[PDB]
Amino acid sequence: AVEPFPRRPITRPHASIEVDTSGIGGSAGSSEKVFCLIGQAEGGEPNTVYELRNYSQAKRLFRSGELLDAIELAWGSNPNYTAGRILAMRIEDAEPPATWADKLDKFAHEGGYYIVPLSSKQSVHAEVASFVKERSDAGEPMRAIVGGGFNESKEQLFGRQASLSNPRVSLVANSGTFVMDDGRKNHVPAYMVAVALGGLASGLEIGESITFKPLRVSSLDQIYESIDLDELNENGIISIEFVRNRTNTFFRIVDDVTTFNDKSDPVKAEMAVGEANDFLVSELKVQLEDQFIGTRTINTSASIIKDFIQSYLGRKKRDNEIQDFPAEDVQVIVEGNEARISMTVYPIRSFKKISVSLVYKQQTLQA
Amino acid sequence: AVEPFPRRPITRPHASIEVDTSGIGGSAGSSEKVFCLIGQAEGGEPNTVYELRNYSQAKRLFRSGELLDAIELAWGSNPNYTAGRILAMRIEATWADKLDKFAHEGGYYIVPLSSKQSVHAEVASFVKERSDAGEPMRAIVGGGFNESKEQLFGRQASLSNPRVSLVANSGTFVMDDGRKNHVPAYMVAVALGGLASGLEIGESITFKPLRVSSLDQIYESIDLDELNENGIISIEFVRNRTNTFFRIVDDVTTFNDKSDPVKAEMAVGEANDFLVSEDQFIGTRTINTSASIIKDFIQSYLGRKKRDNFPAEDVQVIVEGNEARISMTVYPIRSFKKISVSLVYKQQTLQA
Amino acid sequence: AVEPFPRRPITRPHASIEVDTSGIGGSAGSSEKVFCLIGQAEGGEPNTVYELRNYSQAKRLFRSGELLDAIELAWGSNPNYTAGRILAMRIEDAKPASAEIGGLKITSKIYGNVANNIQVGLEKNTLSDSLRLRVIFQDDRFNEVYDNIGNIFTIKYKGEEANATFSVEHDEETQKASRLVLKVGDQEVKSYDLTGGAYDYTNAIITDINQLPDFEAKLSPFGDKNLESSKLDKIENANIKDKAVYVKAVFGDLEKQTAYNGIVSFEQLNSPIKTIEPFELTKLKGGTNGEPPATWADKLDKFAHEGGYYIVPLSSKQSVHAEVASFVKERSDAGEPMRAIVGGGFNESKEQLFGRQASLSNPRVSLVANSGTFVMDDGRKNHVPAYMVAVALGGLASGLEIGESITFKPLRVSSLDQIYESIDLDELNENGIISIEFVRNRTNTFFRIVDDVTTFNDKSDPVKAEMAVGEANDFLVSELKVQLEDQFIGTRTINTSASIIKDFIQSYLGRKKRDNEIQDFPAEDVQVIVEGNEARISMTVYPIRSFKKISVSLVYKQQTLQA
Amino acid sequence: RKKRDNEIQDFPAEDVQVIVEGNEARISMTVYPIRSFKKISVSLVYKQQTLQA
Amino acid sequence: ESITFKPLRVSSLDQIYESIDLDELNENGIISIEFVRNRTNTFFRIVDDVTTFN
């Protein structure tokens, strides 16, 4: 803005100052991913959302229940990365709830992106799928991560992935044994592994894949063979590989394939680039809206909007949230009611194939 | 005019000086958009239009009444803008005879502090009677404390006029005494009129914030679209951020028509009310003419001028009855309501 | 100006000088961040703003009330900075104590219930033919006596004639002395007009009369007494032949000698006028405080055009906070920038602090969360509501330089009622509430001010979010307005005027850079256009900013060592 | 001389034009008069600079 | 040379006009004397040299 000093005008001879702050006013940084959990628990009032920052704070707001273990796994499984905020909600009817759709809505305008329901029921999975679709269509992009029960055959997994083929749901096959800060080792259903994967994905930078990131678990109940893992990957089911040929044995997340059945478009198939797309569109929308709508269509606006877009995309390039963009494709056309804007973006892709061609050749040494 | 010195004429030998002052005259600029209010107060002498310049003077003349709360909101919604003059009158039923008193007080926006539809119709009639004269005006009005969408539509249809806007929402303002003052929607209309008076000539209140504490009703996107399309102003509670705030959705007018911006959108109507508009060669210099050679001549002229300093597709010529009207198109400054972004994902081969 | 010598011109052949002083005049330095408090206390005139420079002066005006404790914290909190002036005002209305006796009004110069302990008493000294006045007041251990009161000068007649008398004429219109008359025998020998001309002072009459052979005159034995001759007391036919008659003024001598008395002022009852007569000692009565005012708005108005920048009201009431918020706003908008700092009660929950911050969002107000204890110069350890901590923060902010932030500075506080975890200080800061951090990781443990955030939530604009930047802006634009006003308005548009203004602006910004009140100015961006009746000036300024983040990226690298 | 005393601001020399006819001198001139300052408007643009070492 | 903002030397003024009062009188072409109060030094300015012409 620009402001007069004094604010009240003066008629008689005087000096007055007009001051412009746009050059020092800040700007919104890169948005933050926040992780959402819905859980059976003991503790605080049900059906309200708590922002949580510390395990101690969580262990005061909640006690002795699977939600608190889920929060523990969510922070503990990503040691290398900054521990983000978590949004958590106990659920009980004011007895077991018949439906969660009535409660999921209380997340709707929270600043939250990844959802995990702490239950195995396919109906709950469908409910959260519908909710994530709803909010995305409303313009609040979200994703869900989903998992089975304690132990499931490939047949059951394929059945579930049939029941939910969706670009905003991911299914986690493996269930395993974790080790807890309480000095406890517990067998858990696969959705707790999905909690771990959501913690890692929400910790990672925007547009960074969970594929081939390590996972920390005491054991897995199902150790899938190479053909088994290829089968599940073809079906768009996330699987955990036990690395055995290395001297050190550890568990990899094999891939970040969504449950969606068509692999031809990566923006729908792969979580990372879909997330990058979601954040890029959301930030473009909200920033252009608050920047320009209602402003006067002064003759130079065709410059100013191009300069704004080029600045924004330069900032996106700086953070490695896009690969590159052509500056000259940023083009603006102004008509009396409307700004019409064109841009090209090169998005950032994770490496998923490396092909080495090795040519043996002779050289004649001589002396 | 040119001044003779001496003023008296003289015929004996003398010198006289003629002074052309006209190269220095000024103050030719516009009026400011003075704001106008009518409503209940204590203390002030009824049916007298007072100029007010600060809230202390207001509390000195008016007291203990809704007009002073209105003056407060009228300067409280726009703290980051010039706090300009306000015109206000205590009214102690027909209102036209009172509104007549504003007729030669140079103020552009008026709000009646009443929800009664007869009052609003009177005010619209007054705005018409003034604006068809040489002194344009506009009005803003609002409903009661809570009115349904169908009531608001019925009101807008009954009050459908290109110089009146209806505001739907009502809410609570924190006053400078700290009171949580719950107010009917016409005080929100006062707040919007204050903002619109503070903004520059042909700035627009769309997507400006409203410094209000809460709203009686929160409308979802479909209801905001419904009210906007019906030409009713509505306030959005912006929920997509931790920094939540209230936003004026649009500056629509109770006359809604897609075919004319000037009657649909308040800011362009104001621009038209305030915009300003800006060489001859005679046929005796030529044996005969036509609109074709008139057009080509004036194109050659303005080509030379624009080279020193216009598109042939944008000048029209009509010749009639020894007279030629040459009509240029001109482009005024509007304000963006739509932004359309086409985002194309390419991919690129890197090499090293 | 260019000054002519002589000022009056000459039209003979002559020489004349024209001196230009404009090269040596200097200009005013950076404005004082005078600090303002409004407070209850005993003593001092109600609704009066006092400039204060010493705590001794304050404790003489204000008698141990909470205002004096606030002034104590305001100076005492950070002694490594030069002490500022303070503006102080007493909130409650308070009547002085008074009495009526002996023909006189007696009135206290102090105000409030303490004044009812004043007592005064008046008696005849029958040896000096004088009054004697006692004044005693216990609360200060004050006791003073004034004696030989009333006698001012004397006349003796030393002629051989039997009859000689002194007389003073009334002026029944005014009760003043109209004339002095000396009679010898059946006639006046000499007489003087007392209420005008050369004899309007007693000393001049004493000087003149001593010239006459038969008469001689002298001042009173005690003290040093002179009066406007109008105040001479009515005396008739006093036989100056037998003995040296003392001429008297009673009320005039009371007035004159008590002029420097700080405890009691005297006025005379009426027209007929009552004779001054001795009376048994009486206490003063009716001095009292009233009820505390329901609104402070009309009292905060008294600080208007008192050139002080930070205000703290000594109250926890939200209504008072909204009042001072409005006052700060209106003074700012009228071109007298201000800020207020505000605090809660004794210990109030975090929900209540968010309540206050939501109810009072304004970029010119700040709210202080913590409440705690201080150790006073009296040696008390006292427990104080958070607005007294806000007083301490205001004293610091007024002690720091212009734009020097209170962010991350030590607070000389003994303890806090609430010590907040990291996350609670995070949340209070995010909501724009000032808090005090107990730094435990050091061996020396001490209290830091967490941040100087204002209560205005939107962090987007630093001139709104941060006190230091808003302060620097306010002083910049204020000193620009006032100096361009006094330097150039009404001056002629000489053909060079734009260059002169450009030089003046560059000089000013050079000073602001020198003093570290801006980071820099690109001097090429200073542009001035003069067009007819006005100048338009444009300048670029890089504002001074406190550090509030440091990021270190630390890269390990191997090194190969060989020998 | 008027310019020297700051009684006018300036004048264009080339606008001083004289036409002579048998009875009459006809004289043209332009003057820029001198005005007191009655308005001063300051526009202040805050801007950032990146210091580095 | 204008008398506007030149100093004036007077012991006191009977009517001290407020800022709005001075603006009103200046609009009406009436010369008014302003009591400068915000400066440490208090003095009287001649506000303007407006003639009575409308």
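Taken together, the values in this text are just the output of simple stated rules run on the coordinates, not laboratory data. Quick reminder, even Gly has a Cβ in these numbers, built from the backbone with ideal geometry, and neighbours come from all protein chains shown.
For A:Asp307, the stated conditions do not hold, so it cannot be described as more than 30 Å from A:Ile227 (Cα to Cα), among the charged types (D, E, K, R) and at the interface with chain B (Cβ under 8 Å from one of its Cβ atoms). Only one of the numbered conditions (1) closer than 19 Å to E:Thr4 by Cα; (2) surrounded by fewer than 16 Cβ atoms within 10 Å (Cβ to Cβ) is violated by C:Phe488, and that is (2). Taking the criterion of being more than 18 Å from the chain's Cα centre (by Cα) and surrounded by 15 or more Cβ atoms within 10 Å (Cβ to Cβ), the residues of the stretch A:269-288 that qualify are A:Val286, A:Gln287, A:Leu288.
One residue stands out in the stretch B:97-139 among those that are aliphatic (A, V, I, L, M) and touching a strand residue (DSSP E or B) at 6+ places or on another chain (Cβ under 6 Å): the one that is farthest from B:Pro162 (Cα to Cα), namely B:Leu113. Condition (residue is part of a loop (DSSP other than H, G, I, E, B) and among the basic types (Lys, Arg)) applied to the stretch A:261-269: is it met by at least one residue? Within the stretch A:261-269 (the criterion being part of a loop (DSSP other than H, G, I, E, B) and among the basic types (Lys, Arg)), the answer is yes, since at least one residue qualifies.
The residues of the stretch C:522-540 that are more than 7 Å from chain D (Cβ to nearest Cβ) and of a type in the set (A, V, I, L, M), listed by number, are C:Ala523, C:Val526, C:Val528, C:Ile529, C:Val530.
For C:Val328, the requirement of being over 20 Å from C:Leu68 (Cβ atoms), under 27 Å from the mean Cα position of the chain (by Cα) and within 14 Å of chain B (Cβ to nearest Cβ) is met. Reported count of residues in the stretch B:218-260, each being of a type in the set (A, V, I, L, M, F, W, C), part of a helix (DSSP H, G or I) and surrounded by 15 or more Cβ atoms within 10 Å (Cβ to Cβ), is 2.
Per-residue answers, yes or no, for (1) of a type in the set (A, V, I, L, M, F, W, C); (2) under 29 Å from C:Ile402 (Cα atoms); (3) in a helix (DSSP H, G or I):
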site: C:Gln57; (1), (2), (3): no, yes, yes
site: C:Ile71; (1), (2), (3): yes, yes, yes
site: C:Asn78; (1), (2), (3): no, yes, no
site: C:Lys105; (1), (2), (3): no, no, no
site: C:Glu123; (1), (2), (3): no, no, no
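Aliphatic (A, V, I, L, M), surrounded by fewer than 23 Cβ atoms within 10 Å (Cβ to Cβ) and within 14 Å of chain E (Cβ to nearest Cβ), is that true of B:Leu87? It is false that B:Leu87 is aliphatic (A, V, I, L, M), surrounded by fewer than 23 Cβ atoms within 10 Å (Cβ to Cβ) and within 14 Å of chain E (Cβ to nearest Cβ).
May I ask you to verify whether C:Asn441 is out of contact with any strand residue (DSSP E or B) (no Cβ under 9 Å at 6 or more places or on another chain), of a type in the set (S, T, N, Q) and under 25 Å from A:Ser56 (Cβ atoms)? So C:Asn441 passes the test. If you scan the stretch C:474-485, which residues turn out to be among the hydrophobic types (A, V, I, L, M, F, W, C) and buried (at least 19 other Cβ atoms within 10 Å of the Cβ)? Correct list: C:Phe475, C:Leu476, C:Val477, C:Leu480, C:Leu484.
Residue check: is C:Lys502 surrounded by 19 or more Cβ atoms within 10 Å (Cβ to Cβ) and not in a strand (DSSP E or B)? The answer is no for C:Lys502. Of the strands (runs of 3 or more DSSP E) lying entirely inside chain D, those carrying at least 2 residues that are of a type in the set (S, T, N, Q), within 11 Å of another protein chain (Cβ to nearest Cβ) and surrounded by 14 or more Cβ atoms within 10 Å (Cβ to Cβ) are D:39-46. For the stretch C:395-435, a residue qualifies if it is more than 14 Å from chain A (Cβ to nearest Cβ) and over 37 Å from the mean Cα position of the chain (by Cα), and exactly one does: C:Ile419.
Among the conditions (1) under 24 Å from B:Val330 (Cα atoms); (2) surrounded by fewer than 18 Cβ atoms within 10 Å (Cβ to Cβ); (3) of a type outside the set (D, E, K, R), the only one that A:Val359 does not satisfy is (1).
Check whether at least one residue in the stretch A:290-302 is under 25 Å from B:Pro209 (Cα atoms), of a type in the set (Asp, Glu), surrounded by 13 or more Cβ atoms within 10 Å (Cβ to Cβ) and within 27 Å of the chain's Cα centre (by Cα), and report yes or no. Within the stretch A:290-302 (the criterion being under 25 Å from B:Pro209 (Cα atoms), of a type in the set (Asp, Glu), surrounded by 13 or more Cβ atoms within 10 Å (Cβ to Cβ) and within 27 Å of the chain's Cα centre (by Cα)), the answer is yes, since at least one residue qualifies.
Between a residue in the stretch A:275-304 that is at the interface with chain B (Cβ under 8 Å from one of its Cβ atoms) and charged (D, E, K, R) and any residue that is outside any helix (DSSP H, G or I) and surrounded by 19 or more Cβ atoms within 10 Å (Cβ to Cβ), which pairs come within a Cβ distance under 6 Å, given they are 6 or more apart or on different chains? Close Cβ pairs (under 6 Å, with a partner that is outside any helix (DSSP H, G or I) and surrounded by 19 or more Cβ atoms within 10 Å (Cβ to Cβ)) amount to A:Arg296/B:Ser335. Taking the criterion of being within 23 Å of the chain's Cα centre (by Cα), assigned to a loop (DSSP other than H, G, I, E, B) and more than 11 Å from A:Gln122 (Cα to Cα), the residues of the stretch A:145-181 that qualify are A:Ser165, A:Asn166, A:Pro167, A:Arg168, A:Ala173, A:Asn174, A:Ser175. Any chance the stretch B:72-92 includes a residue that's closer than 30 Å to B:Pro209 by Cβ, among the aromatic types (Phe, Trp, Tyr) and within 17 Å of the chain's Cα centre (by Cα)? Within the stretch B:72-92 (the criterion being closer than 30 Å to B:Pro209 by Cβ, among the aromatic types (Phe, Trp, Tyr) and within 17 Å of the chain's Cα centre (by Cα)), the answer is yes, since at least one residue qualifies.
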